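Novice: For reference, the structure I am asking about is given below.
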Amino acid sequence: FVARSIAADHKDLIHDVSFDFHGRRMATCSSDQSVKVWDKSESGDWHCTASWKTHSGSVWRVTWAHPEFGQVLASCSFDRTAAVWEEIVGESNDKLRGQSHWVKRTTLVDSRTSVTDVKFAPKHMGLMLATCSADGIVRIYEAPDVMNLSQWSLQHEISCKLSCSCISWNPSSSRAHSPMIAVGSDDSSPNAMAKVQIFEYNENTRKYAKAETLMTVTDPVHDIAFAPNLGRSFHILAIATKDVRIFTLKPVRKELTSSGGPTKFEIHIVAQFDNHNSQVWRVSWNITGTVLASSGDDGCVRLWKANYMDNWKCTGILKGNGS
Amino acid sequence: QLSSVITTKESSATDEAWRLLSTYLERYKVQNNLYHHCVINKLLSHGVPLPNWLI
Amino acid sequence: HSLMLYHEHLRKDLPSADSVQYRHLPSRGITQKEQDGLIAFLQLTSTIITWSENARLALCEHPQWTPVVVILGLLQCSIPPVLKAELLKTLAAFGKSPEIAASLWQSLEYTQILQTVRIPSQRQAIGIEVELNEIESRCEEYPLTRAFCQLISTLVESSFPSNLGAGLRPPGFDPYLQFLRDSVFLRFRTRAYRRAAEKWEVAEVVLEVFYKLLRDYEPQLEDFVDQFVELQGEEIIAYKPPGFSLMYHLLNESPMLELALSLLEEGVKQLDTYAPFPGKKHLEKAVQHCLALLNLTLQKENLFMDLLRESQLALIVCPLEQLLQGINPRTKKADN
């Protein structure tokens, strides 16, 4: 695979990286308390266009909104906060030298503990944002306007009753599955027999009901991702733990006698891969949900795909040489 | 006058009424014991569990 | 406040078992003058809420009166069946508002005033199925059962929840239909009556409930599929719609059809005398609802018989036109 490279000049450990929706911009965040934005030229280069302090803690993620909401970023922190940022044309004030044209429009503060992950929602819901934290809660916020990004109503507190490490929204634009969010847990206790939990917005009760819990994931979880839906009658879910896992979640059709309750799933494991010989620290999907990537303590990003028989295998190993 | 919220397609009149009641309990702070006491006594006499924001 | 005090007092004198020795007379029963006063105020209350929508809501929504919960609580107490009848009529006049009716259906199912859940150790029934067969059937007077039929007769006009009884039993209406069919209707002719009219006052208020349940039911292909529901960890079939149950009992040689046709026989036989008799107006309505049931069956029969043919359900049913040409077991002719 052909590589270009960039010196990132973060003054401590980088914790995350994320692309814009077009792959024309990227964001990165660090223990130096900064976020940086880097933009891809009409010559094939990349340049650092903003590099500013975001928070008081170590920054644990960075994420973009969909561009029908313009140019908006979110970041989560060890100081127990999350923050929302807008890119503005022409505001940048020499009266306050060395501030960014990426302005903080709000700070969310309601988590009792470090905010471990943050994700914007599937755009068909609205301008919505989820965060999770080590108080064992996921929190969901809504902006009632797309311009007044200072104002965000906290609509849901979702109780995992185990610490939260990561979150994934379900990427179903199809109006035949209700809104869904999956949650992973860093909990090292032997008492909690499952470390992944799944919630469904149920119109009949108007709150995120706990539909399922993965009783085969006994082991701590570091990252979690639903696969983008090529029309499938079933969902696919990747998990990062002591090994890589790929689950299927196929909705059980309700009989016309099971009203008011959430849905339920015919659930399988399609794959479980030890091959990192080490823990797994991210899981992210290609745009069509046909290829998974995952990293570990083996210094390899490993690529995974279905063959024509839906037998999932490793297909590539991207690894450093140290020269 | 709830005219300052874009219609997100996953709501209904039930919780925009809870939202209006929350906004009034935050808009009229000068006597706020009586209006929380009133609303909670009206919910509990009907057996209705109290929202996170109200508590 | 008086109803809450009577509920609190009657519920405190419940007999803890271990006290087998010489009690005095318990000077805490409602006196007849308090019963007659409570009846007069329940009758005033029932007229007011029968007419004013705003008066049903602004009494049920009261934080401190909670009238449905207090009245259902008093129906669980050992109070006289006449006071229970005017309490049930007050619930029937409240149950005209569909918001009240939907919460009242859940409150009836929770209070087991009809026992819909039968425990396998329990050698004796509880609720109105005992008060009918051991109290009303000893007085030869039936005010409680008629007021219960009147309560169900209003609570059908606002519809009933499809999930009625879910998690406690299979969902649906059929336990109330079994009581009204097999413990009220099929027994209205084998009971004694101090009022010769009341035999017909009981027939009117049960055939009205069946008429409403068959009027507002329309056959669907779903009715002909067995829908399974998880109950305590076993998969159990749901109760079919009460109108499907009524169609099945009118499209077969059932004791309900025998009792309907032998009501049409007895109606003509009393009318061909042209005489006045006690309860005549109630027999004429009980015949009217009986004809209107058979007429609603004939209007829905073809659709019910086609959806049964498409669904492949292993039931047999006969056209009501053919069952009406069956030999009347009384006269020994096809004279229906």
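Residue numbering restarts at 1 in every chain; chains get A, B, ... in the order shown in the structure tokens, and ligands count up from 1 in that same order.
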Could you write out as a list in words the residues of chain B within 12 Å of chain A, counting only C-alpha atoms?
Specialist: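 The answer, sorted by residue number, is residues 2, 3, 4, 5, 6, 7, 8, 9, 10, 11, 12, 13, 14, 15, 16, 18, 19, 22, 23, 51, 52 and 53 of chain B.
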Novice: Could you build a table of the residues in chain C lying no more than 8 Å from chain A, giving for each the nearest pair of atoms and their separation in Å rounded to one decimal place, using only C-alpha atoms, ordered by chain and ascending residue number, as CSV?
Specialist:
```
residue,atom,partner,partner_atom,distance
C:162,CA,A:257,CA,7.7
C:163,CA,A:259,CA,7.3
C:171,CA,A:257,CA,7.7
C:222,CA,A:256,CA,7.9
C:227,CA,A:255,CA,6.4
C:228,CA,A:255,CA,7.5
C:229,CA,A:257,CA,7.0
C:238,CA,A:257,CA,7.3
```
Novice: Using DSSP secondary structure from the backbone, list all strand (DSSP E or B) positions within stretch 181-316 of chain A, as a ChimeraX atom specification.
Specialist: /A:181-184,196-202,207-213,223-226,235-240,244-251,265-273,280-285,291-296,300-306,312-316
Novice: Quick check, in Å to one decimal: how far apart do atom CA of residue A:123 and atom CA of residue A:64 lie?
Specialist: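 Distance reported for this atom pair: 11.8 Å.
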Novice: Show which residues sit within 9 Å of stretch 18-28 of chain C, as a PDB file with N, CA, C and O atoms, in the first residue's frame. Count only C-alpha atoms, and ignore same-chain residues fewer than 4 positions away.
Specialist:
```pdb
ATOM      1  N   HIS C   9     -60.614   1.359  57.108  1.00  0.00           N
ATOM      2  CA  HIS C   9     -61.160   0.627  58.259  1.00  0.00           C
ATOM      3  C   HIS C   9     -61.491  -0.821  57.895  1.00  0.00           C
ATOM      4  O   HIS C   9     -61.015  -1.738  58.565  1.00  0.00           O
ATOM      5  N   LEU C  10     -62.215  -1.046  56.795  1.00  0.00           N
ATOM      6  CA  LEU C  10     -62.592  -2.388  56.340  1.00  0.00           C
ATOM      7  C   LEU C  10     -61.364  -3.247  55.998  1.00  0.00           C
ATOM      8  O   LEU C  10     -61.355  -4.448  56.273  1.00  0.00           O
ATOM      9  N   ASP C  13     -59.563  -4.661  59.473  1.00  0.00           N
ATOM     10  CA  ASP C  13     -60.247  -5.729  60.218  1.00  0.00           C
ATOM     11  C   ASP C  13     -60.170  -7.124  59.535  1.00  0.00           C
ATOM     12  O   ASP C  13     -60.816  -8.078  59.981  1.00  0.00           O
TER      13      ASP C  13
END
```
Novice: As a list in words, could you give me every residue of chain B near chain C (at most 9 Å apart, counting only C-alpha atoms)?
Specialist: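 Within 9 Å of chain C on chain B, we get residues 41, 42, 43, 44, 45 and 46 of chain B.
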Novice: Rounded to one decimal in Å, what is the spacing between atom CA of residue C:231 and atom CA of residue C:311?
Specialist: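 Pair atom CA of residue C:231 / atom CA of residue C:311 returns 25.4 Å.
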